[PDB]
Amino acid sequence: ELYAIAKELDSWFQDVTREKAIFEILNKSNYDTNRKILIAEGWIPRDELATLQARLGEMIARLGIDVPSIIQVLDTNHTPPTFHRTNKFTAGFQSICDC
Amino acid sequence: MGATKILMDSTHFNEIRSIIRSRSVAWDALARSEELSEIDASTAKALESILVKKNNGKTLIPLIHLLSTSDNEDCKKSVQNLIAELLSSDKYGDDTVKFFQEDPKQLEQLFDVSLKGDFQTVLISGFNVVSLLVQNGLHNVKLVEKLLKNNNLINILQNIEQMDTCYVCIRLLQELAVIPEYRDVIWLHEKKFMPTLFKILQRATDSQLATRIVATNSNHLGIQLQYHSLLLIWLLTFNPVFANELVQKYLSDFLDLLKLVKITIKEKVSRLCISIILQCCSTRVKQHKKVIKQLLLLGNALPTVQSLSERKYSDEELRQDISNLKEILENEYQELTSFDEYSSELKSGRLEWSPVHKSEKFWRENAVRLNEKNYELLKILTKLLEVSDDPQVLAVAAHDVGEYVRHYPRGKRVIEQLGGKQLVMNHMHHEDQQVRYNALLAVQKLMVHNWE
Amino acid sequence: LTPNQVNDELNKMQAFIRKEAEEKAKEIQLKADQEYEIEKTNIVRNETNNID
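Criteria and cut-off values
- Residues numbered from 1 in each chain as written, not as in the entry; some residues may be left out.
- Chains lettered and ligands numbered in written order.
- Part of a larger assembly, values for the part shown.
- Heavy atoms only, no water.
- Residues with missing side-chain atoms left out of burial classes, pairs and counts.
- Helix = DSSP H or I, 4+ residues; strand = E, 2+ residues; numbered from the N terminus.
- Rg over C-alpha atoms; globule rule 2.2 N^0.38 Å.
- Buried < 20%, exposed > 50% of the residue type's maximum accessible area, 1.4 Å probe, protein only.
- Areas by Shrake-Rupley, 256 points an atom, 1.4 Å probe, with all protein chains shown as cover.
- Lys, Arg positive; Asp, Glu negative; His and termini not counted.
- Charge placed at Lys NZ, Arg CZ, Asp CG, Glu CD.
- Contact = heavy atoms within 4.5 Å.
- Buried area = accessible area lost by both parts, 1.4 Å probe.
- Salt bridge = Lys/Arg side-chain N within 4 Å of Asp/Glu carboxyl O.
- Polar contact = N/O pair within 3.5 Å; in protein donor to acceptor, adjacent residues only side chain to side chain.
- Nonpolar A, V, L, I, M, F, W, Y, C, P; charged D, E, K, R; others polar.
- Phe/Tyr/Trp six-rings, centres within 6.5 Å; stacked < 30°, edge-to-face > 60°.
- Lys NZ or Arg CZ within 6 Å of the ring centre and 35° of its normal.
- Expected span 1.5 Å × (residues − 1).
- Arc of directions from axis to C-beta.
- Disulfide = S-S within 2.5 Å.
- Axes fitted to C-alpha atoms, helices over the stretch in contact; angles between N-to-C directions.
- Parallel < 35°, antiparallel > 145°, perpendicular 65-115°, else oblique.
- Left-handed = near helix turned anticlockwise from the far one by under 90°.
- UniProt positions renumbered as here; feature names shortened; annotations may be inferred.
- Core = buried A, V, L, I, M, F, W, Y, C linked by side-chain atoms within 4.5 Å.

**Remarks on the overall build of chain C**
In step 1: Within chain C one finds one helix and zero strands.
In step 2: For a compact globule of 52 residues, the expected C-alpha radius of gyration is about 10 Å, and chain C comes in at 23 Å, more than 25% above that figure.
In step 3: Evaluated residue by residue, chain C yields a buried proportion of 17% over its 52 residues.
In step 4: By element, 55% of the accessible surface of chain C is carried by carbon and sulfur atoms, the whole surface being about 4,000 Å².
In step 5: Considering chain C, the positive charge centre built from 8 side chains and the negative charge centre built from 12 side chains are found 4 Å apart.

Now the structure itself:
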């Protein structure tokens, strides 16, 4: 039985880790029985809205329920986060930038 | 006039309806050149004009003549659109609804004249007929009986290739059956279609998402079919006595609900299906024992109840319903005596698995009375095992042989006097995996606990 | 998609949930009718049997 289990236990480890992590991260939103919708907020880059919509094209493709847009930008009074991109050739350079 | 509209959810055929609404057929020629009564088209033009800037229902009487005298393959479309549209809003007319429930002569033969030729004309004519039937004072069973006995509908309901026409045809039936008056009537020849519906359900549970088979079908564009099918069953099952036979007629389909409750996520099916089974298992009917045990045997839904109980649901209905299901599912058999049933099953020569077979919490005082005959019956069972070759039979006995020591400590001596230890050693290498695995379990626990 | 369409995903789903609950309630009324039927028939049977 060890021979058989070995093929799958390792995979299942990181698999189940993915589910626990995804459940946790989704759990940070607010929900109540009041509304069928889910109350959530998050912070999203602005130069990829079209890509976000296209990727949500799958949301309307197979699991479709016909509520495509979940994006509506409002304003706040707190400073936004700062972030940028990195590349393979610059693994070290970019790290020390924000270190 | 004021009534209850029908067929709102469907969308594909709304445009088909609109196809002729935006058009206009040539009525003048029909009666102008020896094909229609010279007044039919003249007053038909006036009626069409009345559709705007006016709002008084006696002039609708002659259309019976027109449809009776109707001769062209599609001229009937204008009048059937009239029928389907005068109901679109209460603003139309002043004396429509009252007259239908008065004279049955016209209404009865409306069905007779229609239901021929084109698919779409048949569909819309049936829609108009049933919609008129919706209103109070319209309960003539003969119309629905003749509708059922005809093969014209099944000639298209069998079209597994297209799901739209079959959708609408099945859909109108639920509104037809809202009242029990027609559930029984349909039950006579109901068999023509529920095999098809169960095929639809089997395909649904067979949903292969690795290939595109839901083309334009999602986004409320085809999910409605199951939402209304399950409603049809929850409707026809409002009667216990009639609900009994089907459960005693088809087995696999009913068991398929456990698979159904797993694949999809949409709420439109969960509460619907669970209620059907809840009705199926109530003592309110005078049969609630024939199929429950086999449901437990092949079902093994015990893991599922907690799984769905823990998960997320905003509705206030299914939460208690699943608790009812669980309490009636486990208490019925898992909370039962064993020794009597144990003897009954062993004497029959039939050995299988059951909650009694593996359950142990309810085995704290069975062993003492298993020694009443000095284990005569159980040792004879062991002998038949020695003269048996059924792997399940081999495993089940050894299971309780092990349960002996697991519960009862001093029965080791009788086990020793059995002399089957060498036969257990022989069973070690028998071909089946399960038999030798369970035999190793039994012999290992015997030897280790023998000192224990 | 289009920002002006964000009201359609609200109103259409409003209608969808409304019709779901409407069907649920219209069949709950049929359940009430069935309850009427049984609790009428049983009570009348029990009383009229003693009357007989």
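**A word on the interface of chain B and chain C**
In step 1: Contacts between the two partners involve 15 residues from chain B, matched on the other side by nine residues from chain C.
In step 2: Taken together, the two surfaces of chain B and chain C that pack against each other cover about 1,300 Å², and 46% of this comes from carbon and sulfur.
In step 3: Across the chain B-chain C interface, the total number found is four salt bridges.
In step 4: A salt bridge links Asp9 of chain B to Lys19 of chain C, with the nearest nitrogen and oxygen atoms 3.8 Å apart.
In step 5: Joining chain B to chain C, the criterion identifies six residue pairs in polar contact.
In step 6: Put simply, the parts of the chain that give the side of chain B that touches chain C at least two residues each are α14 (224–236) and α18 (267–280) of chain B.
In step 7: Considering only residue class, the side of chain B that touches chain C consists of five nonpolar, two polar and eight charged.

**Observations concerning the interface of chain A and chain C**
Think of interface size as the accessible area that goes away when the parts come together; that is how it is often given.
In step 1: The interface is formed by eight residues belonging to chain A together with six residues belonging to chain C.
In step 2: At the boundary of chain A with chain C, total buried surface from both sides reaches about 650 Å², with 67% on carbon and sulfur atoms.
In step 3: Sorting the residues of chain A by area buried against chain C places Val67, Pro68 and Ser69 of chain A first, and these three jointly supply 45% of that buried surface.
In step 4: Put simply, chain A and chain C have zero residue pairs in polar contact between them.
In step 5: Counted by class, the side of chain A that touches chain C contains three nonpolar, three polar and two charged residues.

**Observations regarding the environment of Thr165 of chain B**
Residues and elements named next belong to chain B.
In step 1: Within the element layout of this structure, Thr165 appears in helix α11 (residues 164–177).
In step 2: Separated by 42 residues in the primary sequence, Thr165 and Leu123 have C-alpha atoms spaced 8.0 Å apart.
In step 3: Residues within four places of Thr165 in sequence aside, it is in contact with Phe13, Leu123 and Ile156.

**Comments concerning the pattern of salt bridges**
Residue and element names in this part refer to chain B.
In step 1: One pass over the structure, following the stated rule, counts 17 salt bridges over all chains.
In step 2: As a salt-bridge pair, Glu376 and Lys379 come within 2.8 Å of each other at their nearest N and O atoms. Pair noted here: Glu376 and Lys379 are both in helix α25 (residues 376–386), with a separation of three residues, about one helical turn.
In step 3: Judged by relative accessible area, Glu376 falls into the partly exposed class, the value being 27%.
In step 4: Looking at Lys379, the relative accessible area reads 31%, which means it is partly exposed.

**A look at the packing of aromatic side chains**
In step 1: All chains considered together, the criterion is met by five aromatic pairs over all chains.
In step 2: Taken together, a centroid distance of 6.0 Å and an interplanar angle of 85 degrees make the contact between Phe198 of chain B and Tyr250 of chain B edge-to-face. Highlighted residues: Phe198 of chain B in helix α13 (residues 194–205) and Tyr250 of chain B in the loop between α15 (240–247) and α16 (252–255), separated in sequence by 52 residues.
In step 3: When the centroid spacing of 5.2 Å and the interplanar angle of 75 degrees are considered together, the rings of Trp234 of chain B and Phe238 of chain B count as edge-to-face. Like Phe238 of chain B, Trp234 of chain B is buried.
In step 4: Here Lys312 of chain B stacks its cationic end above the ring of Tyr31 of chain A, 3.3 Å away from the centre of that ring.

**Some remarks on the environment of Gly299 of chain B**
All names here are of chain B.
In step 1: Mapped onto the elements of the fold, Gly299 is located in helix α19 (residues 292–299).
In step 2: Among the residues examined, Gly299 registers a relative accessible area of 16% and is labelled buried.
In step 3: Separated by 40 residues in the primary sequence, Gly299 and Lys259 place their C-alpha atoms 9.9 Å from one another.
In step 4: Apart from the residues within four sequence positions on either side, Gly299 is in contact with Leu258 and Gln294.

**A few points about helix α21 (residues 318–333) of chain B**
Residue and element names in this part refer to chain B.
In step 1: With 16 residues, α21 extends 23 Å from end C-alpha to end C-alpha; this agrees with the ideal 22 Å at 1.5 Å per step.
In step 2: By the burial criterion, the buried members of α21 are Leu318, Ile322, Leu329 and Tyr333. For α21, the buried positions fall inside an angular range of 50 degrees around the axis, keeping them on one side.
In step 3: Residues of α21 that are buried in the fold lie against α18, α19, α20 (302–310), α22 (339–347) and α23 (355–358).

**Focus on the state of the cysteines**
All names here are of chain B.
In step 1: This model, assessed by the stated rule, comprises zero disulfides over all chains.
In step 2: No disulfide involves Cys169; its sulfur sits 6.4 Å from that of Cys166, the nearest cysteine.
In step 3: Accessibility expressed as a relative area gives 8% for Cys169, which makes it buried.

**Here's the deal with the packing of α20 of chain B against α21 of chain B**
All names here are of chain B.
In step 1: Here α20 crosses α21 at 160 degrees, and the two axes come no closer than 10 Å. Relative to α21, the element α20 lies roughly antiparallel. For the pair α20 and α21, the sense of crossing is left-handed. Along its contact with α20, which presents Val305, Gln306, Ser309 and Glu310, the element α21 presents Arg319, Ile322, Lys326 and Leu329.
In step 2: Of the residues assigned to the contact of α20 with α21, the class counts are three nonpolar, two polar and three charged.

**Brief notes about the UniProt feature "coiled-coil region" in chain C**
In step 1: Mapped onto this structure's residue numbering, the UniProt feature "coiled-coil region" falls at residues 8–38 of chain C.
In step 2: Between the C-alpha atoms that bound residues 8–38 of chain C the distance is 45 Å, and the span itself is 100% helix and 0% strand.

**Focus on the packing of helix α26 (residues 391–407) of chain B against helix α29 (residues 433–451) of chain B**
Residue and element names in this part refer to chain B.
In step 1: Taken N-terminus to C-terminus, the directions of α26 and α29 make an angle of 15 degrees; their axes are 9 Å apart at the nearest point. When the axes of α26 and α29 are compared, the pair comes out roughly parallel. Judged by the twist between their axes, the crossing of α26 over α29 is left-handed. Residues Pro391, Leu394, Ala395, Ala398, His399, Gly402, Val405 and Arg406 of α26 form the contact with α29, whose own contacting residues are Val435, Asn438, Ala442, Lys445 and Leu446.
In step 2: In terms of residue class, the contact of α26 with α29 is built from eight nonpolar, three polar and two charged.

**Quick notes on the nonpolar core**
Residues and elements named next belong to chain B.
In step 1: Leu230 and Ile276 are the most contacted members of the largest nonpolar core, which totals 30 residues.
In step 2: Those elements that place two or more of their residues in this core are α11, α12 (180–187), α13, α14, α17 (257–263), α18 and α21.
In step 3: The biggest single contributor to this core is α14, with eight residues.
In step 4: Sequence-distant contacts of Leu230, that is, excluding residues within four places in its chain, are made with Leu201, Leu272, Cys273 and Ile276.
In step 5: With 13 residues, the next largest nonpolar core counts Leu370, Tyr404, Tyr408 and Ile415 among its residues.

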